[PDB]
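So the sequences go chain by chain: A and B.
According to the deposited numbering, the first sequence holds residues 426 to 678, 697 to 807 in order.
Every number in the deposited numbering is 1 more than the matching position in the second sequence, counting from 1.
Quick reminder that beta carbons are idealized off the backbone N, C-alpha and C, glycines included.
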Amino acid sequence: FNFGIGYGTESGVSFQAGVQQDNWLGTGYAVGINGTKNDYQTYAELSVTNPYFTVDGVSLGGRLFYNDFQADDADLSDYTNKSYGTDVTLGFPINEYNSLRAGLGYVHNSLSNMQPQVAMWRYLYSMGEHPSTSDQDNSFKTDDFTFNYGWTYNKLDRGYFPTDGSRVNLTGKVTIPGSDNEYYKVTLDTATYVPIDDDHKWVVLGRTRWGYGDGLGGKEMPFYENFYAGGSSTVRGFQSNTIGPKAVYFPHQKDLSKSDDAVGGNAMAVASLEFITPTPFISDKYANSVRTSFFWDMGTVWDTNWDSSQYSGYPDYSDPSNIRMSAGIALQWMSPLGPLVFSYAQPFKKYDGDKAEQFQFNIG
Amino acid sequence: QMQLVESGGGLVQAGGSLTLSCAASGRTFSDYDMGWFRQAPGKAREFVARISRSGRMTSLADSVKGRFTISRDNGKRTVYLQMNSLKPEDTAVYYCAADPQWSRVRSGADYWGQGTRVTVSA
């Protein structure tokens, strides 16, 4: 039994526990069980993996999982999503720096605790449902089958405190005929470290994250698959997940209610530039283990299906040009309690009731 | 004219469970939102649960939240009521109902079954 605990502004206290065994019983397969829990999510999985599906090193992996997501505890407009499902994945090493993945998946989603609101109800209508704008207690359940694909490039010089190279991760998903939902979703993440000096003590880091998904035919992508932005890992200085569209609630039993409750969206773009330098005023020998950075972060999340014509007087959440921006300082080092990172950032471009969070940290 | 026939009602002990079924005649079952209602002796009929044409959307009365579940099988032209953790207050005749409209089927319907009786003893 391997345990772990962490603490941060993004998810509060995180617990992790798991067991793993390669070459179980001399069969050649690895078997694992692991779980994680934080302020808004409980996740558990069982895994079986053959690292030599072919002699060449193609791996075949299987996953059985359960997940419990509480949207309001993740700083979104409220809902509960209890899910479970399976995945079978083929993994291809291309060379030492590149890997490819292709897999098939099943997922069951059970949605509840949804208050009537424009974007969610719009998705339900696209699914052929006719919920009333005063329905407080509906549940929605779906069974989806997917094709999943991925590509990872990693040529960073080292895992901890990188100074040179790039990492790129592309991940995509599309539903298979027979699913309830019909949609696709693609994500791209990049990070590139460019050292200035031969010593690699001064480094420029550029990061990007892109995301796009949409429904097929008349259907929309499910809102419980939306992208988010804001927080320690995307746009610092903003509360986790606050960036982008906000829920518009229907009157109880009048007019609509604007809120500041983030709902995410089906399109997202985030970029960051930061200047990694030696740490001033520090004692000698601490310097190599303590990394200071000055950053400029920026990001947007938007809703390509927002019908601006129907909601006159409300913000146009389909507009992709409301780019949030912040600047600030970060410090990172290894402590007795594990990896330590914190930042002070000031948002200087905000929109649509985004919530600020200047001081953000993570331990573990 | 579509007919609805409920079955599954019986005598059950408090804490036990039961599954009701409602079978529909004809080939138009998927055209209808479906509902379960119940009527205790001396009282008016009352809403219990409903389910959309597709089977994906459901809702439940407050008195059965967390205990009852509604589902349907459009291939078998059947809607089900799964009743767990039963109490003596659940004793009643249970009726199946069908209506073209989701919002209406919470209070009434175009088509009604003849009911199936459930008795929960303490």
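In this structure, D74 (chain B) keeps its C-beta atom at 8 Å or more from the C-beta atom of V119 (chain B). Burial state of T588 (chain A) is buried, judged by a 10 Å Cβ sphere holding 16 or more other Cβ atoms. DSSP lists A:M768 as the bridge partner or partners of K792 (chain A). At a cut-off of 8 Å between beta-carbon atoms, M58 (chain B) makes contact with chain A.
In the three-state reduction of the DSSP assignment, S537 (chain A) falls in the strand class, which pools E and B. Rounded to whole angstroms, the Cβ separation of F428 (chain A) and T558 (chain A) is 47 Å, and the two are not in contact under 8 Å. For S658 (chain A), the CB contacts under 8 Å within the same chain, skipping 5 residues up- and downstream, are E435 in chain order. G17 (chain B) and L87 (chain B) have their C-alpha atoms spaced approximately 6 Å apart.
In this structure, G27 (chain B) and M3 (chain B) form a Cβ contact; the two beta carbons are roughly 5 Å apart against a cut-off of 8 Å. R767 (chain A) counts as buried, since at least 16 other C-beta atoms from the protein chains shown sit within 10 angstroms of its C-beta.
The beta-carbon of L61 (chain B) is placed less than 8 Å from the nearest beta-carbon of chain A. Here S108 (chain B) carries a coil assignment [DSSP, helix/strand/coil]. Relative to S55 (chain B), the option among B:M35, B:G10, B:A62 and B:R105 whose CA is nearest is B:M35.
Taking a Cβ-Cβ cut-off of 7 Å, the neighbours of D605 (chain A) in chain B comprise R57, given in sequence order. Around the C-beta of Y96 (chain B), 16 or more other C-beta atoms lie within 10 Å, and the residue is accordingly described as buried. Scanning its chain for C-beta atoms nearer than 6 Å, with the 5 sequence neighbours on each side dropped, one finds around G460 (chain A) the residues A442 and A469, in chain order. Counting C-beta pairs closer than 8 Å gives fewer than three between the segment 793-806 of chain A and the segment 8-23 of chain B, which falls short of the contact rule.
Contact check for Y618 (chain A) against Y578 (chain A) fails: the beta carbons are separated by 8 Å or more. Between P556 (chain A) and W103 (chain B), the gap from beta carbon to beta carbon is short of 8 Å. The beta carbon of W37 (chain B) sits no closer than 8 Å to any beta carbon of chain A. When only Cα atoms are considered, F48 (chain B) and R39 (chain B) end up about 7 Å apart. In the structure shown, the three-state DSSP call for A527 (chain A) is strand. DSSP lists no bridge partner for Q115 (chain B).
Contact annotation: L471 (chain A) and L489 (chain A) have beta-carbon atoms nearer than 8 Å. Taking 8 Å as the cut-off, the beta carbon of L501 (chain A) is found no closer than this to the beta carbon of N606 (chain A). Per DSSP, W546 (chain A) is one residue of the alpha helix (DSSP H) stretching across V543 to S551. By the 16-neighbour rule on beta-carbons within 10 angstroms, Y550 (chain A) is exposed. In this structure, the alpha-carbon of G114 (chain B) lies about 22 Å from that of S64 (chain B). The DSSP-derived three-state label of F586 (chain A) is coil.
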